[PDB]
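Remarks on the structure that follows.
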Amino acid sequence: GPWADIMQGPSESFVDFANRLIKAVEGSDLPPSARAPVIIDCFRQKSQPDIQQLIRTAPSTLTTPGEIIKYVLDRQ
Amino acid sequence: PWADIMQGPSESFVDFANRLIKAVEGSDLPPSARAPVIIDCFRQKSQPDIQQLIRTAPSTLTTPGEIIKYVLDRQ
Numbered sequence: 151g152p153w154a155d156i157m158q159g160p161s162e163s164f165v166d167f168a169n170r171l172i173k174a175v176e177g178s179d180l181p182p183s184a185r186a187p188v189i190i191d192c193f194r195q196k197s198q199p200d201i202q203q204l205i206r207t208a209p210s211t212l213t214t215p216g217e218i219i220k221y222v223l224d225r226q
Numbered sequence: 152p153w154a155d156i157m158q159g160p161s162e163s164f165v166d167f168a169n170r171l172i173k174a175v176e177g178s179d180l181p182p183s184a185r186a187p188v189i190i191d192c193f194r195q196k197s198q199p200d201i202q203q204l205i206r207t208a209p210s211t212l213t214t215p216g217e218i219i220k221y222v223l224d225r226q
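Line by line, the protein sequences are chains A and B.
Here the authors' numbering runs 150 ahead of the position in the first sequence, where the first position is 1.
Here the authors' numbering runs 151 ahead of the position in the second sequence, where the first position is 1.
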């Protein structure tokens, strides 16, 4: 689905990319149970380099998009 | 039931990985959700020392195969 092409732009903030991505995934054909893992995978892989490093070493207990967003925002 | 899968305290990583990949492939998930679901389960539901090892993995490891390899080489 189209959520799969979304990437954080070079002048785009993380929060804006996160909201954009989350809206696309929630409006997609994925079963609801696949949304959180899919969103977090996109955060890890398609965010800008600095964000990718923040998320890389995040605690392994942060399993929701909101948890990861907080973690990143706390480090900005 | 994929959603409840966790590595057992005596289960080798490779056996866990095969068990998990099998359950996910046979589940009612679209193919586009399979790799993210597997990687998430690795990152979050492996044994504690394995979760910490994956947390150190380069961000450039983006497929289940690449993570399995990293763990087998470094555990």
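Quick reminder that beta carbons are idealized off the backbone N, C-alpha and C, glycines included.
Residues of chain B with CB under 8 Å from A/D191, in chain order? Residues of chain B whose Cβ lies closer than 8 Å to the Cβ of A/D191 are, in chain order, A186, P187, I190 and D191.
Under a Cβ-count criterion, where at least 16 other Cβ atoms within 10 Å of its own Cβ denotes burial, should B/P160 be classed as buried or exposed? Around the beta-carbon of B/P160, fewer than 16 other beta-carbon atoms lie within 10 Å, marking it exposed.
Under the rule that 16 or more other beta-carbon atoms within 10 Å means buried, what is B/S163, buried or exposed? Exposed, because fewer than 16 other Cβ atoms sit within 10 Å of the Cβ of B/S163.
CA-to-CA distance, A/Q202 to B/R170, given in whole angstroms: B/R170 and A/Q202: Cα-Cα distance of roughly 29 Å.
Neighbourhood of B/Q198 by C-beta, 6 Å cutoff - its chain only, sequence neighbours within 5 removed: The answer, listed in chain order, is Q158.
Taking the C-alpha atoms as reference points, what is the distance between B/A174 and B/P152? Between the alpha carbons of B/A174 and B/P152 lies a distance of about 8 Å.
Taking the C-alpha atoms as reference points, what is the distance between B/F193 and A/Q226? Spanning the two alpha carbons is a distance of roughly 27 Å.
Since residue 143 of chain A contacts A/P209 with CB under 8 Å, what's their CB separation in whole angstroms? One cannot answer for residue 143 of chain A here, as it falls past the ends of chain A, which runs 151 to 226.
If you reduce the DSSP assignment to three classes, tell me which class A/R225 lands in. Residue state for A/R225 is assigned as coil, using DSSP reduced to three classes.
Would you list, in chain order, the members of the stretch 195-211 of chain A that have their beta-carbon closer than 7 Å to a beta-carbon of chain B? Going along the stretch 195-211 of chain A in chain order, one finds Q195, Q202, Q203, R206, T207 and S210 with a Cβ nearer than 7 Å to chain B.
Shorter than 8 Å from the beta carbon of A/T213 to some beta carbon of chain B? So, interface residue.
Assuming A/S183 and B/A168 make a contact with CB atoms under 8 Å, what is their CB distance in whole Å? The beta-carbon distance between A/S183 and B/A168, rounded to whole angstroms, is 21 Å. This is too long to meet the 8 Å contact definition.
Bounding residues of the alpha helix (DSSP H) (the contiguous stretch that carries B/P199): Counting along the chain, B/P199 sits inside the alpha helix (DSSP H) bounded by residues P199 to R206.
So with Cβ pairs under 8 Å, would you call B/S183 a contact of chain A? Yes, B/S183 counts as interfacial toward chain A.
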